[PDB]
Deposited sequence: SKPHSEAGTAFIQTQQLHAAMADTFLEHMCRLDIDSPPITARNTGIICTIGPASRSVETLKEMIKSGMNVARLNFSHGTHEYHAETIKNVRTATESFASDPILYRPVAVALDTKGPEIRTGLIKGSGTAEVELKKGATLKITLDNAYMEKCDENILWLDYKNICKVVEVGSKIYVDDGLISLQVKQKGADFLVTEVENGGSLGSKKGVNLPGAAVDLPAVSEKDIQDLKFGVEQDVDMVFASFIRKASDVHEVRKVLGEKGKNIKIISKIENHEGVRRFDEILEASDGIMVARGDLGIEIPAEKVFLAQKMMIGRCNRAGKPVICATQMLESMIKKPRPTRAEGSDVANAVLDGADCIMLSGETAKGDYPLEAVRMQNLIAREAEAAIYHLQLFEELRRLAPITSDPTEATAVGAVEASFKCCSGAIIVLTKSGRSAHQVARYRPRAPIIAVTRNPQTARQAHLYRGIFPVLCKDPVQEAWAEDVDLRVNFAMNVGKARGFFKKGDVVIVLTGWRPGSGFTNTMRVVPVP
């Protein structure tokens, strides 16, 4: 048995589970994109190359920390590492750059003497919180300076406040005039500049602030491919982000992050306005009750899938791997279930940004994802997506559905799509074919953005535009055709699907 084809033949979803077999190997090609956060541990060109070698598709730069210089250098290294393989088109793996925005986050100040210094909060022990900037440099076990100045106006008496990943929780004994006197609920070591969450509270921090505008404009200067926009709450917040990106940045994909109750509620509004969604479980698990996350996640992946847009699952997928070389059984199951849910990309934060084993964590996700894709019940996924798919006037859309249906019949090895903007390829992916979609394009940016979609393998053709069109099409097709054989997606005999143009033509041919 190969790539769980026995499990795929069952009539029921239950029979399908029963036939899943651990002694049935997947198809080398992994379809779920891997997004790694680049930080102190993965920043070197040297380790960065190993990362690309291990499976990284997108590099995430977290702008809640670090100066532009720091990030501009990170960006340069990501590109040095990526172009190191440019010599040969069979080794060249396009890598995209994504910018995560700080956004409307509330942070505590610097602990006494220095941030490295720590402190311990013990239960019951009240604690003082002032917006008095004299204490920012002096954060201690008795006084905690906040970042959000117009706090109290939004926090009533009795409410809660979670500091540091929500690990530390407090309780407002009374709303002060310009200060708060709390009481630890469950202490712990309070370092410095630890995020703060005000669930139940109605924060008014600007969706996009000054710092966000400069970082956002910086991304346009830097030529990033996508923006992960933090704390999106309404469709109007995404518009401000497009606005800022201006005309120069109009092609940058915008990924709205859902991290709170409102965003969850205004999801439909937000999805329509975005290019894609990121299920940002970290904050969302503090903003709403932790047992609800799985529901918000499946709700979001389901709708994005249905809508044909990228959805990224993120935060704490391999937490444990920050300190250890192997993941726990919960984390192992986490990644698999995300892929099986329908997530286009899975992500890594601390695991690659500051952990001791970023390469093992990237390698782990390539492994799990590959297994998880083989275990997908397509006979039901494809049938369900079609039935829910609107009746179209667009030829390319009918070409896409027709192409994925043929790929299941002849069990095809690949769906070669020639596209300039990537749309044709995106249209093929929403129907979730089992065959890999090799997207041949001359646009290096659409090639990078291809990674936000499940099953799209971008192959950047450099060859000059042939004088004659028919020839230029035949050229880009032999390109995929040779790089494909070279990369091992198929051999001279295999049947393959090819989509060219406006993309409205489909051909089922033998590999040359």
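S.K.: Given the full deposited sequence, which segments carry no C-alpha coordinates?
M.R.: In sequence order, the gaps with no modelled C-alpha are 1-12, 514-519.
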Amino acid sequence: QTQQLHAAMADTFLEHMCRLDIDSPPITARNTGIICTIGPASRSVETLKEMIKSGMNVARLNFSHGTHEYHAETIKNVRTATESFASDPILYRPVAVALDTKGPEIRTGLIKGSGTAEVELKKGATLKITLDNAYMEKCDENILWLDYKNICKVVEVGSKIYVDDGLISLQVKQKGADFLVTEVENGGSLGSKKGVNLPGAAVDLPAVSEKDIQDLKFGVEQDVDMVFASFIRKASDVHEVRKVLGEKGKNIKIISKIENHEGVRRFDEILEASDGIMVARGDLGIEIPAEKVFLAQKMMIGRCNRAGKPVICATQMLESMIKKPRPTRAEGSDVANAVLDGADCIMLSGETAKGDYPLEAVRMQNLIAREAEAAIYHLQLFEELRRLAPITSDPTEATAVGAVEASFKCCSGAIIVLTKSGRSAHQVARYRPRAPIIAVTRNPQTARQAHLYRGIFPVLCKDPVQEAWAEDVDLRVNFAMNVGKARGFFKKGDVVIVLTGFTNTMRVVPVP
From here on, numbers count along this sequence of modelled residues.
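S.K.: State which stretch shows the higher mean Cα B factor in the entry: 222-230 or 375-383.
M.R.: Looking at the recorded C-alpha B-factors, 375-383 comes out higher on average.
S.K.: Quick check: 101-109 versus 138-146, which has the larger average CA B-factor in the record?
M.R.: Per the deposited B-factors, the answer is 138-146.
S.K.: Return the residue from 329, 354, 122, 309 that has the highest Cα B-factor in the entry.
M.R.: When the deposited C-alpha B-factors of 329, 354, 122, 309 are compared, 122 is largest.
S.K.: Can you tell me which of 260, 419, 174, 80 has the maximum CA B-factor listed in the PDB entry?
M.R.: When the deposited C-alpha B-factors of 260, 419, 174, 80 are compared, 174 is largest.
S.K.: Compared with the other modelled residues in the chain, in which third is the CA B-factor of residue 469?
M.R.: Top third by C-alpha B-factor.
S.K.: Select lowest, middle or highest to describe the third in which the CA B-factor of residue 484 falls within its chain in this entry.
M.R.: Within its chain, residue 484 is a middle-third residue by C-alpha B-factor, going by the deposited values.
S.K.: Would you mind ranking residue 159 by its C-alpha B-factor against the rest of the chain and naming the third, lowest, middle or highest?
M.R.: Answer is highest: the recorded C-alpha B-factor places it there.
S.K.: Going by the CA temperature factor in the PDB record, which third of the chain does residue 92 belong to: lowest, middle or highest?
M.R.: Its C-alpha B-factor belongs to the middle third of this chain's values.
S.K.: Please place residue 206 in the lowest, middle or highest third of its chain by C-alpha B factor as given in the entry.
M.R.: For residue 206, the deposited C-alpha B-factor lands in the highest third.
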